[PDB]
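Enquirer: just dropping in an experimental structure and the matching sequence.
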Amino acid sequence: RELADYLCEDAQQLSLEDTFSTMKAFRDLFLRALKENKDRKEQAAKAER
Amino acid sequence: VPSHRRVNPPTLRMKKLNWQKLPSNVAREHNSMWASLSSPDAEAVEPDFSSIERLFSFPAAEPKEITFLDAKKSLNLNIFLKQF
Amino acid sequence: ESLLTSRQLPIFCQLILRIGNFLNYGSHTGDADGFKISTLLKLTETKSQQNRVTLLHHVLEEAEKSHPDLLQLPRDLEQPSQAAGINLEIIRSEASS
Amino acid sequence: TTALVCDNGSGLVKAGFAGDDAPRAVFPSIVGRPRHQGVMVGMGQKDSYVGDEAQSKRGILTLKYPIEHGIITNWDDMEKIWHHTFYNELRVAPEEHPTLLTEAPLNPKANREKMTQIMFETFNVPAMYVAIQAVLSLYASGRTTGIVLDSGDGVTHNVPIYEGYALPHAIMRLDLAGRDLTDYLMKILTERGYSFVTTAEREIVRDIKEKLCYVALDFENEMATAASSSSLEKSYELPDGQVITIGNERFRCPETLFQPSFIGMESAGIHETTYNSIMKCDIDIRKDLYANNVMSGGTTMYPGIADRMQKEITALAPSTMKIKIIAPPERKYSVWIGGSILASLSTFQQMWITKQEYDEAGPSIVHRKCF
Amino acid sequence: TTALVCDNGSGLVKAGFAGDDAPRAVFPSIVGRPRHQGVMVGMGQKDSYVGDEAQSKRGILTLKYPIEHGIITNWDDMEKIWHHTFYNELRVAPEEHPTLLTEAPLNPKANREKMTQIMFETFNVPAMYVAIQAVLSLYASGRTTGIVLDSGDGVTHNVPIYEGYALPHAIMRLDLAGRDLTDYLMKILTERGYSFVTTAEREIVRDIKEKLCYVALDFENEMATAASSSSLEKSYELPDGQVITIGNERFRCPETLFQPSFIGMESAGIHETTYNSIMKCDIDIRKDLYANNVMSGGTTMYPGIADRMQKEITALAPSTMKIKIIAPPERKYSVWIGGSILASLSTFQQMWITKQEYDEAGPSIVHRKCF
Amino acid sequence: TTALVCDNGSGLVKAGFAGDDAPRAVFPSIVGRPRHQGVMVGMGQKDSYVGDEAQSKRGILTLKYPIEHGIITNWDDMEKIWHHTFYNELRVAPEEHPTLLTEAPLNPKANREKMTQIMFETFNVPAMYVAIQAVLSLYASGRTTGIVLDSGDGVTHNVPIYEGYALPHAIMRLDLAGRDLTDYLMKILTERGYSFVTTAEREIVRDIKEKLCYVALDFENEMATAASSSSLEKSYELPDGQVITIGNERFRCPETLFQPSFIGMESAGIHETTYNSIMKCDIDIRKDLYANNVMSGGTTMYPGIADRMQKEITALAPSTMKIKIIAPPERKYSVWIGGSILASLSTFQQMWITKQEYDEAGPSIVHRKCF
Ligand SMILES: Nc1ncnc2c1ncn2[C@@H]1O[C@H](COP(=O)(O)OP(=O)(O)O)[C@@H](O)[C@H]1O
Ligand SMILES: Nc1ncnc2c1ncn2[C@@H]1O[C@H](COP(=O)(O)OP(=O)(O)O)[C@@H](O)[C@H]1O
Ligand SMILES: Nc1ncnc2c1ncn2[C@@H]1O[C@H](COP(=O)(O)OP(=O)(O)O)[C@@H](O)[C@H]1O
Ligand SMILES: [Mg+2]
Ligand SMILES: [Mg+2]
Ligand SMILES: [Mg+2]
């Protein structure tokens, strides 16, 4: 109920499972974005070399 | 204090990030995260709008080694020759 | 408890809200006081002109220089990631039975 | 005495008594034979495991499905299946109890001939009947009119009935159901690296399909969501302790029912099958068939199939008539339940196939008595 | 200037030159589009095979028939069929030769409208004529009076003509011919287990129907002979080498012509259609229509249809008047032969539909010029 | 610019230019690392030996195969394999040469993702393509239609093609080829007393299998002949000077292709895979798959395999139709040869995956541009 009021969702329609799945996908996209940025910077440095 | 809404308009046409917008009265709850962001003492990050406007806007409208052979037979001859 | 007491997640939500308020000006979606949880999934939709850099990659590229504490953000979201896929109803029914 | 209902479907055999609300003996229809070398002598090493024992011991077995697309290919295996469901699971004497059987329409006749001959000469009942599954589903629904789509594990068939009259020319059979979905899920699970090649792994892929898969309301938007983010991915635990995670294959697997070209079949989807079954009937009854689309079978256990079915039929039908999908929560066993309705009716008691009729007419009375 | 005669029937396009006795180009009217994935680059992979090439490569193709029950459903496919029969088969310029056309009676008018529009705006001839097929069959029969039952692949129609006068109110149409027989034959072959579901397999069932099926002289006695002894059973060789055997299905397939309730139609048989077509005429002219039952079409190519037709009409008609069936051996091409007779006639030259008449009158002169 | 063909199979990398007859660099794909303590200092002791140097110096090395059943497990080893086959074998710059790689069907997609990403970002090309090996074998055979059985060192896969059209639902994969034959021969040479346990001894058992083994025409008669008299026994000389003599293991070892239950696999043999791949297709092409059984790969190089597989398919197929195995004398390198015709084809030049398209579309174009 506190997280339903926190994320401004309907309390009778919030499920914790899709909330945590959205956070799981957001963390996976976060790590994939960091990995792609690191690979892009490494390949740009290798191309400049 | 509406610090999040105090953003300058952009010069160029921007690619629309689609989202499901909340109602305002739902966002002004007591336990709301956006209510804690609406306090001016919270930590705010100033974005660099110049690079976002730069990138995510819409776009607008010699004879060294001469040979008489072809390259396939010449490279086959190079493989044949360089093993000697 | 980690979602309710996260420090960097409201920082990132105000950052994406300011970027969207820049980015969706002149439309019905602009001038928003808040948005749903599914906005973070669609961040790879906004591509650059070269179709190489998404908006998430550029936000973390800017966050690597100016505000590195946003890179502490998977630590707060590790326990939601571990908690995902757990059905509360079946374990509560098993405990009640 | 009290009659028996034995839905001997392609995937799961559901047997039980008449006048009951739930099928007492539900177990899958497989025959498991050992393929490795037995070294420990004694302790009763059976050469053929049938039913739940084949399921529990499947790591050392070759599992054979005796029914393929509603057609019994192996008859000794189905004799073993009938022996297990009569003597071991239900624990009944078949010579003093009538037994109702279920069959898909547009079946080869010699299959019905051999079922009649075996059930009167090996499992010799006092009486029996062979019934269309869609009529039993409509009798389970408690209504007289409607069109029934029934999709088991081998056969997806559409039968429309108006006021107790079934139109035979509008009955449409499609050989695409849950076993083809399981084989297509085997084919698409190799993209993620998970190799499932054995017959034992077919049950694991079937359990993945039962527990995690769902019918998408819009397929292209769900592909766009799966390509964008990994939010709808879900994890499953294998019996060796390995944890897999699947994404778009949750809804690409049941989409073969709506798009049969995934597995190479030229035929149209089940919504087009339903619509062509409606349009082959008379014009005066179609309004009754639009509002009473009854679904049955375990292939309609995906929790997104009714809204997709209503959306596709509402796109197909004219908009001035109501589309309503009758999807009860117990439509998995409804083929059993309406049989338990039909075996307990007083008006059914003269419609039995007695032993005297079989003895005077050979195994040919099933073509003239059953529909 | 030699005219062209192009019978664009439902079954097979039969085109050729006027004054000849046999048509030069007989080829089936299908359009075949590939459905699987092409991997081999180059060598002219056409996206649509038309005619004989679609027949000879049908194992990788979806085949579409442009005509359904005498009505052209798909028009781009018919444009491809007309381009194939003009440019590839006869190899003639259409703009220098007239081209006769054939049409079933009780057709919706927009088919004739779009026929006129395409033949004067895409395949623009100096002249054309659209004719009733039964009138052409009577012209090839060489007699002025008679009633013609013409049964193609989509339309079975009865037209009586007395002394060159065709009575319009007695003309009858029934939407039951050879494609519906092929559909019913695919339905009843599933009793013996041979599942023919694809569009390619429809041609195999059509070849089975052309080679093996026949009209029974009595139907219940042939049930007695077929059920008693296996003397009538015939084997057929499939293109994969498998050999099938069919029994009573040889004569159950054409009896849909004499009993339309097999495929769920309320209408009466073709003999009752002929008797009601004769009885709707005047009482004076019924005697000549009894003695001149001319028949045409490929559906009249079963080797038992004339004696059954004579038996049913002689049972229906009063016995004092003579019943005779006129069945020439070349009645398959008799529509083309009658078109070649009518095209070469000197009195037909003022009856042409010219380019100038079309330009002054729109595509509406075909209703007032033709019958 | 000339193109490169590089069949990077499980066992032997076969690489060369386009338009050439024979693959110039044929060498096995192994990475060898030392496992003992080196006491001498100086004169260039390398930490990793790739190719023929690992074969010559194998008595002090652990050899690792980077590819297992067509799926690359170790990627730094495969990077070194590609580095050796570009820089040291062909002596070419990959930045100025297009490259056609081969791939087995039903491969995991992330394997193709990593092939595209490493091939475009370590050895960055102007263009590169990933093809199916069976399509290249049909290119080498010089015919358009046929079923191709390819059997390399890790994957035996069956793909049927008719008139340029591969049927994707009929493609079958079996993870049984020459490496599993080598491991089974290591298992069964222990019966005669010869012990082989190391990775270097796998090469000696592979040389025994390449030099002495042959496919029996009839297995039971050959077992009876080898048990009766020692006429089938043959001798071989080891590098330590010991002379071995083997009997039934000459034809028990390739029999695992026809009997996969020798190594504990549930799946059927290659003849049943070929027959089921033909029977999964549409019917009208099946005759053209019987006369064009194209074989490829080094596993089908035993001098008894064509007559045996002809016997097995002729037992399996209907007898009214010809079976013809297309077994060329150069079927070891036929994947490379058909890659050389496809690389030299004029129409193939639009189907390259250019570097610009890779930069625009990420590493995702290889799912949609390739097969
Ligand atoms: N909860 C579920 N979710 C999705 N699919 C299911 C579920 N339960 C069963 N199924 C599928 O439906 C089939 C059961 O339908 P049913 O008509 O009982 O088959 P049968 O009677 O032929 O054994 C099974 O083969 C299974 O693949
Ligand atoms: N020898 C035959 N025996 C039986 N049926 C035939 C024979 N030849 C053709 N048919 C059937 O008759 C049809 C051809 O009739 P046709 O007069 O060409 O019809 P249409 O011209 O309207 O297409 C074919 O579809 C075929 O099924
Ligand atoms: N002459 C031969 N006789 C029998 N087997 C052979 C012969 N030559 C090669 N082989 C076997 O076939 C394989 C070669 O097939 P190939 O397609 O080149 O494998 P890869 O391409 O994966 O290295 C080798 O692993 C070897 O075991
Ligand atoms: Mg069922
Ligand atoms: Mg005709
Ligand atoms: Mg290979």
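Expert: Great, that's in hand. Numbers count the residues shown, from 1 in each chain, chains lettered A, B, ... in the order given. Ligands and ions are numbered 1, 2, ... in the order given.
Enquirer: how close does the closest residue to ligand 1 within chain B get to ligand 3?
Expert: Residue of chain B nearest ligand 1, by CB to the nearest ligand atom: residue B:20 (29.7 Å). Yep, even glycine has a C-beta here, placed from its N, CA and C like the rest. From residue B:20 across to ligand 3, the span is 52 Å (CB to the nearest ligand atom, to the nearest Å).
Enquirer: name the nearest residue to the most centrally placed residue in chain A, sequence neighbours excluded.
Expert: Centroid-nearest residue in chain A, with CA atoms, centre = their mean: residue A:26, separated by 1.7 Å. Ranked by CB to CB, 6 or more residues apart in numbering or on different chains and with sequence neighbours excluded, the top spatial neighbour of residue A:26 is residue C:40, at 4.4 Å.
Enquirer: got the contact list for the residue in chain D positioned nearest to chain A?
Expert: As assessed by CB to the nearest CB, chain A sits closest to residue D:231 within chain D, at 3.9 Å. Counting by CB atoms under 8 Å, 6 or more residues apart in numbering or on different chains, residue D:231 touches A:18, A:21, A:22, A:24, A:25, C:38, C:41, D:225.
Enquirer: thought residue D:172 was touching residue D:275?
Expert: No. Counting by CB atoms under 8 Å, residue D:172 does not reach residue D:275; the two are 10.1 Å apart.
Enquirer: tell me the SS of the residue nearest to the centre of chain A?
Expert: helix (DSSP: H, G, I helix; E, B strand; the rest coil).
Enquirer: so it versus residue B:15, what's the distance?
Expert: 21 Å (CB to CB, to the nearest Å).
Enquirer: tell me where chain D has helices.
Expert: D:52-56, D:75-83, D:109-121, D:133-141, D:178-189, D:199-211, D:219-228, D:249-252, D:270-279, D:286-290, D:305-316, D:334-342, D:355-361, D:365-369 (DSSP state H).
Enquirer: nearest to ligand 6, out of those?
Expert: helix D:178-189 (22.3 Å; CB to the ion).
Enquirer: run the contact check for the closest one versus chain E.
Expert: No. Remark: helix D:178-189 sits outside contact range of chain E, by CB under 8 Å from any CB of the partner chain, the gap being at least 14.0 Å.
Enquirer: ok, residue B:7 touching residue C:20?
Expert: No. Residue B:7 is beyond contact range of residue C:20, at 9.0 Å (criterion: CB under 8 Å).
Enquirer: those two: who's more crowded?
Expert: Between residue B:7 and residue C:20, residue C:20 has the larger neighbour count (other CB atoms under 10 Å in any protein chain shown), namely 24 against 19.
Enquirer: tell me the contacts of that one?
Expert: B:17, B:19, C:29, C:30, C:32, C:35.
Enquirer: which residues of chain D lie near chain A?
Expert: Going by CB under 8 Å from any CB, the residues of chain D near chain A are D:229, D:230, D:231, D:232, D:233.
Enquirer: count of neighbours near the spatially closest residue to the third one that is not a sequence neighbour?
Expert: By that I understand residue D:231. Closest residue to residue D:231 apart from its sequence neighbours, by CB to CB, 6+ apart: residue A:25 at 3.9 Å. Look at residue A:25: counted by other CB under 10 Å, it has 21 neighbours.
Enquirer: one more: residue A:43?
Expert: Going by other CB under 10 Å, the residues that sit close to residue A:43 add up to 13.
Enquirer: now do it against residue B:7, distance only.
Expert: Residue A:43 is 34 Å from residue B:7, by CB to CB.
Enquirer: residues contacting whichever residue of chain B sits closest to ligand 5?
Expert: Closest to ligand 5 within chain B is residue B:18: 57.6 Å, counting by CB to the ion. Residue B:18 makes contacts with C:29, C:42, C:45, as judged by CB under 8 Å, 6+ apart.
Enquirer: could you dump the contacts of residue D:231 into CSV with distance to residue D:125 added?
Expert: Below are the contacts of residue D:231 laid out as CSV (distance: CB to CB, whole Å):
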residue, distance to residue D:125
A:18, 52
A:21, 53
A:22, 57
A:24, 56
A:25, 57
C:38, 59
C:41, 59
D:225, 53
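Enquirer: nearest to residue E:176, of those?
Expert: Relative to residue E:176, the closest of these is residue D:225; by CB to CB it sits at 49.8 Å.
Enquirer: now, among the contacts of residue B:18, which is nearest to chain A?
Expert: Among the contacts of residue B:18, and counting by CB to the nearest CB, the member closest to chain A is residue C:42, at 10.2 Å.
Enquirer: list the residues that contact the residue nearest the centre of chain D.
Expert: The residue lying closest to the centre of chain D (CA atoms, centre = their mean) is residue D:152, at 2.0 Å. By CB under 8 Å, 6+ apart, the residues touching residue D:152 are D:9, D:10, D:11, D:70, D:104, D:133, D:177, D:178, D:297, D:298, D:299.
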